[PDB]
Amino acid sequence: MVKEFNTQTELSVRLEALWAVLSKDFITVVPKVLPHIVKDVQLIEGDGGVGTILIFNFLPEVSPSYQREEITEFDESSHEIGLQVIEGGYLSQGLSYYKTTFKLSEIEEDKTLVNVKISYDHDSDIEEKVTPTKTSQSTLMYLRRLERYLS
């Protein structure tokens, strides 16, 4: 049954700048900020909203070499976006379910809170590399790299 992991980070960026890159402008940015993992991102169906499907192609050394994710929620007024891994990536490493929801809120003009909810499951005992204590660390690293990209 699906379990949850929650964490958060405060970033020294304006909410609207972080929202744009997180929710809309990430196609060219992901490979630039994660050049040690992500080669490119392809938008393959949809126009950026719910149902949009993305392929992340990873570096040649990486197995699986890609991950397919779908935007499963998108709310512009509450600044929430959710992405579910639907093929490859963690699903090829022992997970049966993996979704990441980001919600932004303004702390001050140049401080933005990002709440991160990870939902996941696995049918058997799993390796550390797919524990959400570990997967969340990768996600927080990406968020802090966006902050740096924007600064």
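Position 1 is the first residue in the sequence shown; the rest follow in order.
The mean C-alpha temperature factor is higher for 56-64 when 56-64 and 115-123 are set side by side.
Of the two stretches examined, 125-133 and 9-17, the record assigns the greater average C-alpha temperature factor to 125-133. In the deposited entry, the Cα temperature factor of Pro35 sits in the middle third of values across the chain's modelled residues.
Among the modelled residues of its chain, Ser96 has a C-alpha B-factor that falls in the middle third according to the deposited record.
For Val29, the recorded CA temperature factor ranks within the lowest third of the chain's modelled residues. Placement of the Cα temperature factor of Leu43 within the chain: highest third of the modelled residues, per the deposited record. Among the modelled residues of its chain, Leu104 has a C-alpha B-factor that falls in the lowest third, as given in the PDB entry.
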